[PDB]
Amino acid sequence: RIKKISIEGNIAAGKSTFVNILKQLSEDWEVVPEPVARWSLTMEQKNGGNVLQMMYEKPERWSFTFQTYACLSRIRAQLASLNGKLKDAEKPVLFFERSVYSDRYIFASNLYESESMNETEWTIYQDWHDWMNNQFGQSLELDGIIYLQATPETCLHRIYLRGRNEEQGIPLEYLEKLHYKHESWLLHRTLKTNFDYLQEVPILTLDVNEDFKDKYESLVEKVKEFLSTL
Amino acid sequence: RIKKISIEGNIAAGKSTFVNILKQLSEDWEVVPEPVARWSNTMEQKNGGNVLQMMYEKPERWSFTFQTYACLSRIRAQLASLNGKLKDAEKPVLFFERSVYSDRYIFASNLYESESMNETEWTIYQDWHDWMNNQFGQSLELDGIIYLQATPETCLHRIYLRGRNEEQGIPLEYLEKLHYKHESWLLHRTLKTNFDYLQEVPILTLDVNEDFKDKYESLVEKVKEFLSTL
Ligand SMILES: CCCc1sc(-c2ccc(OC)c(OCCNS(C)(=O)=O)c2)nc1CSc1nc(N)cc(N)n1
Ligand SMILES: CCCc1sc(-c2ccc(OC)c(OCCNS(C)(=O)=O)c2)nc1CSc1nc(N)cc(N)n1
Ligand SMILES: O=c1ccn([C@@H]2O[C@H](COP(=O)(O)OP(=O)(O)O)[C@@H](O)[C@H]2O)c(=O)[nH]1
Ligand SMILES: O=c1ccn([C@@H]2O[C@H](COP(=O)(O)OP(=O)(O)O)[C@@H](O)[C@H]2O)c(=O)[nH]1
């Protein structure tokens, strides 16, 4: 009976900011952080610690490997929040920091289109992704999507505006791709998929364009109004 | 209810011929051929030819991707049989051409030791393999193993007989290490895997150096006798 809601958005757009806020507003709300973030000392970390630097260091060698690991690690954290967090809340909501579809339809896709993965690497990844995401068939299935919307430029601010040694090289151009991949997926809804419920899940667009850090109340109101609809 | 037996042995031990021979003998007797062996000869088959072909040219680049895809293809292909085949035979037995256990502890373990997977790939694969098998491959658990123990030169000769222009190389030295790792897991029973039960799991081991595609009644008498103590 748990609602599962993915919060989408570009690098350093504020997804984690938002989910950190939402978690403390209700004791019936919990957050699943995205693993690549914790990567960015268990065996998942060193590995993702390793695979992330290796990806940065050379993407067209390491993208498949990185992509497959990011997603399995996501599929395992989300399974372990639903089966752990929140036992009998009246109104339980689980907020996911991104989803298995951002893994593929935004990130995996982009690397394929950036020629950082070949057709065999991309078809294999999809095969792996699609046969598996048809195994769980309604467990991880989303109830709603919330899209934090920044400009690649708002996002670019915040990437520097944000502290991680390794991230300092991310150039503007990486972002406009993901943005159009984001805008085209979650608004214009051109981008099609092989998950026969995703073209009917509803979406909440949210201008994180104005700083919303000590002025988060009306965003949170839209979220509450949205939840009531679902 | 459906009994699962793994057929294990070095490349060209004679697994595909023994298993083809066995399946003719009984309507209770069914088979799951190895995905890899099928690729040598459908998008999976489109993917499978290419990465195998890639894995010959540059094992050091392609072993993670090959080992992940080989194992994924076996699981799903063992599941399809398990979910459908033998629903009611009276005494159903499915013979697997190799297993997720050889995927990992012969071929991947060897690929890494010989430095075609670096350390991180091998740890990721091992993590992938634990979770992929626990979530999806559970009901594939083995009732026993038929280890078709042979020797190196036999196989080279048999590779030649088959005429497979890709393998006709394979260093007698590479046939010689794959050969050595099967003893440890199966012959001496030393290798403790990550899956505890196998330690108990009954193993039959047959010497098959001699041409058998005419004479195997003794090979089959020991199967039948093995299967009944199960
Ligand atoms: C934000 C830290 C993760 C990284 S690192 C990275 C990267 C690093 C170096 C790259 O090339 C030099 C690269 O892309 C190749 C070309 N793009 S570029 C930098 O404009 O020339 C991507 N992409 C990414 C995003 S891939 C990703 N996949 C997921 N499945 C989830 C997720 N959160 N992120
Ligand atoms: C028989 C077709 C599959 C191949 S191709 C292959 C290969 C091909 C070319 C190679 O070098 C040019 C090669 O070398 C591997 C490393 N060389 S070495 C002597 O160990 O240092 C391996 N190994 C293999 C076996 S790995 C494997 N894993 C599975 N899980 C299943 C399966 N059938 N095979
Ligand atoms: O309204 C906002 C949104 C984001 N940020 C900053 O932007 C950076 C990146 O945010 P986050 O890591 O939460 O973004 P995500 O990558 O999760 O979209 C962080 O330093 C945040 O403090 C901010 O100061 N105010
Ligand atoms: O007793 C035998 C078993 C096999 N073969 C031949 O050796 C080759 C390799 O055998 P197989 O495909 O069974 O090996 P595996 O499937 O174990 O790789 C094939 O062309 C077989 O016809 C043979 O001549 N005598």
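Residues numbered from 1 in each chain as written, not as in the entry; some residues may be left out. Chains lettered and ligands numbered in written order. Heavy atoms only, no water. Residues with missing side-chain atoms left out of burial classes, pairs and counts.

Comments concerning the overall build of chain A
Helix and strand content of chain A: 9 helices and 5 strands. In chain A, the succession of α and β elements from N to C terminus is β-α-β-α-α-α-β-α-α-β-α-α-β-α. Taken over C-alpha atoms, the radius of gyration comes to 17 Å for chain A, in line with the 17 Å a tight globule of 230 residues would show. Considered along the principal axes of its C-alpha atoms, chain A spans approximately 45 × 40 × 40 Å. (Helix = DSSP H or I, 4+ residues; strand = E, 2+ residues; numbered from the N terminus. Rg over C-alpha atoms; globule rule 2.2 N^0.38 Å.)

Topic: the interface of chain A and chain B
On the side of chain B, 27 residues touch chain A, which itself brings 27 residues to the contact. In this assembly, chain A packs against chain B so that about 2500 Å² is buried in total across both faces, 65% of it on carbon and sulfur atoms. Viewed at the interface, chain B and chain A are joined by 4 salt bridges. Going through the elements one at a time, α3 (43-57), α4 (59-82) and α6 (119-132) of chain A are the ones with two or more residues in the side of chain A that touches chain B. Partitioned by chemical class, the residues of the side of chain A that touches chain B number 14 nonpolar, 8 polar and 5 charged. (Contact = heavy atoms within 4.5 Å. Buried area = accessible area lost by both parts, 1.4 Å probe. Salt bridge = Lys/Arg side-chain N within 4 Å of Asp/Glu carboxyl O. Nonpolar A, V, L, I, M, F, W, Y, C, P; charged D, E, K, R; others polar.)

Comments concerning the site of ligand 2
All names here are of chain B. As a structural note, the neighbourhood of ligand 2 is formed by 17 residues, with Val-36, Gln-67, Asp-103, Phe-107 and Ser-114 the closest of them. A distance of 3.0 Å is found between a nitrogen atom of ligand 2 and a side-chain nitrogen or oxygen belonging to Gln-67. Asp-103 places a side-chain nitrogen or oxygen 2.9 Å from a nitrogen atom of ligand 2. Considering ligand 2 on its own, with 780 Å² of exposed area, one finds that the protein chains cover 81% of that surface. Every element with two or more residues in the shell around ligand 2 is listed here: α3 (43-57), α4 (59-84), α5 (100-113) and α8 (172-187). Of the residues belonging to the shell around ligand 2, the class tally is 10 nonpolar, 3 polar and 4 charged. (Near = heavy atom within 4 Å. Polar contact = N/O pair within 3.5 Å; in protein donor to acceptor, adjacent residues only side chain to side chain. Areas by Shrake-Rupley, 256 points an atom, 1.4 Å probe, with all protein chains shown as cover.)

A few points about the site of ligand 1
Residue and element names in this part refer to chain A. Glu-34, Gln-67, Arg-98, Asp-103 and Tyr-174 are the nearest of the 14 residues found near ligand 1. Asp-103 is positioned such that a nitrogen or oxygen atom in its side chain is 3.0 Å from a nitrogen atom of ligand 1. Interatomic distance of 2.7 Å between a side-chain N/O atom of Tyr-174 and a nitrogen atom of ligand 1. Relative to its unbound accessible area of 750 Å², ligand 1 is 82% covered by the protein chains.

Points about α6(A)
Between the first and last C-alpha of α6(A) there are 20 Å, a value that for 14 residues agrees with the 20 Å anticipated at 1.5 Å per step. Of all 14 residues making up α6(A), 11 are buried, and the element is well covered by its neighbours. A:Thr120, A:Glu121, A:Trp122, A:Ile124, A:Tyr125, A:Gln126, A:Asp127, A:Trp128, A:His129, A:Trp131 and A:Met132 are the residues of α6(A) that are buried. Looking at the packing, one finds that the buried side of α6(A) touches α4 and α5 (100-113) of chain A together with α3, α4 and α6 (119-135) of chain B. (Expected span 1.5 Å × (residues − 1). Buried < 20%, exposed > 50% of the residue type's maximum accessible area, 1.4 Å probe, protein only.)

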